[PDB]
Structure formats: C-alpha cells, structure tokens
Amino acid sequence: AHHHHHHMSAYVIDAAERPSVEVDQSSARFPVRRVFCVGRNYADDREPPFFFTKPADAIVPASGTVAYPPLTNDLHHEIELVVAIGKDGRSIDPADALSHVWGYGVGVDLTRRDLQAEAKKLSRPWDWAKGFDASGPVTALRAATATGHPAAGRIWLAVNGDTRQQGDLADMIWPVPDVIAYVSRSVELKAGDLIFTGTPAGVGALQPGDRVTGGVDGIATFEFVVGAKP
C-alpha cells in the first residue's frame, strides 16, 4: 500500500518561519509563494494590464500595528481585493481561471510614493516604492467555498473614521479570471500565489499613528494602526 517518508533539508543559517496568512475559522494557514499586483484596474478597447510584485514576506497582518517604513515622507494606501491561488497553471484560459482560486482576502497595497515618483521620472524599477517591509497588509483569508467568487460589492477604506476610498468590485477593468490568465502567460502561477486586483479612486497618504479601516463586503474588514516614523 502507499507510503512515503519525506526528509526536510537542513540549513546553514537559522531559517525564519516561511511567510503565511491567517485563514478565517481555521488553525491552518495559507503559505505565500509570490505576490502579483495589477496596475490601474478600476474605472468610473481596454489596454492590457501591467503588474508589479511584492516579496512574499511583505505580506503582514492587516491588524495591530503596521510599521511606517524608512526612506519616505509620503506613504500611500490602496485598498484591494486579494485573490489566493490554490492550483498551479500556465496559460490559463479565463473560463478555467476561477478553478485555480483557493480563496479571498482584503489587502492594502502600501507605497513609498515619493520613491515611486523618482523611479517614474528616471524610468527605474519600482521595488523600493512597492516591495518594502510590511508593504502588503492582508486580512485573514476565507476559502472560496465559503464566499463564492465575488464579482460585485463595496470595497472601501477609511482613515481615522473618514472614508478615503469607496468603489465597487464590478468596476474592475479586467475581471479576476482575466487577471489570473494574464499573470499565467508571464510566469507559471502556483498554489500559494496572491494577486492584488487593483484599487478604486481615492489613493492618498497615511500619517504615522493613523487608524486604517476597510473591507470588501462579504469577504473581510480590518482595522490597524500605522506605526511611528523611524
């Protein structure tokens, strides 16, 4: 009958716990592989989307304190629906794309916007602007079997109780199945991938100490405090 004995590698230095996200109503977690983020994907002859990434360990809890990073005086927020992938694939047809989705959460794409403007002026990479520490707070994830595949509903963010972003998932330019398909034509998509699917209007700054709340109806809400400037 079936048997196996898997052996784990030893490491020459201490290996930190691999990055993962809390799962709602579970003690198991979601291990993060890569993080893909769509450029401008909300609206009020579509051009193809473009993408940047964040490192897996930039995904932190959207709760407690979220550190204010060094090298910025201009930290911006963008509320986004986050899609968690549960099945590998390349060149995925949009009609098959949702079958690759494990579940959903709510995230904030944080940006060092001053560094971003400098990068844009110089045609230089956005990694300092977009892929810094704690640059992708995300809520606990819910399995798609619990939520369905959301396609409509309120997506919002407030700062100190004042609404700064409010839109609807239905206003996505490229829907989730097409976003998945596009990423899968650039790299092999893998179980463990997260995709930040874009943000409605109202991107703006966060000050040290700000209380950030937000949510996507039926998926999650969150509340966290921005840390002190280093």
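So that there is no doubt, residue numbering starts at 1 and follows the sequence shown.
**Q** Taking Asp44 and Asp45 as adjacent modelled residues, how many residues of the deposited sequence between them have no coordinates (none, 1 to 3, 4 to 9, 10 or more)?
**A** In the record, 4 to 9 residues between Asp44 and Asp45 lack coordinates.
**Q** Check the entry's C-alpha temperature factors for 177-185 and 199-207, then say which stretch has the higher mean.
**A** Higher mean C-alpha B-factor in the PDB entry: 199-207.
**Q** Going by the B-factors listed in the PDB entry, is the mean over the C-alpha atoms higher for 31-39 or for 168-176?
**A** The stretch with the larger mean CA B-factor is 168-176.
**Q** Between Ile85, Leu71, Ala158, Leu110, let me know which has the highest C-alpha B-factor in the entry?
**A** Of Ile85, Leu71, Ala158, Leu110, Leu71 has the highest C-alpha B-factor.
**Q** Of the options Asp133, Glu118, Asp127, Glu78, which has the highest CA B factor as deposited?
**A** It is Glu118.
**Q** Going by the recorded CA B-factors, say which third of the chain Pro55 sits in, lowest, middle or highest.
**A** Its C-alpha B-factor belongs to the lowest third of this chain's values.
**Q** Based on the entry's values, in what third of the chain does the Cα temperature factor of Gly105 lie: lowest, middle or highest?
**A** Its C-alpha B-factor, which the entry lists for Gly105, ranks in the lowest third among residues of this chain.
**Q** Going by the CA temperature factor in the PDB record, which third of the chain does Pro48 belong to: lowest, middle or highest?
**A** Highest third - that is where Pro48 ends up once the chain's C-alpha B-factors are sorted.
**Q** Please place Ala95 in the lowest, middle or highest third of its chain according to the CA B-factor in the PDB entry.
**A** For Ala95, whose C-alpha B-factor we compare with every modelled residue in the chain, the answer is the highest third.
**Q** So where's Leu122 on the chain's Cα temperature factor ranking, which third?
**A** It falls in the top third of the chain.
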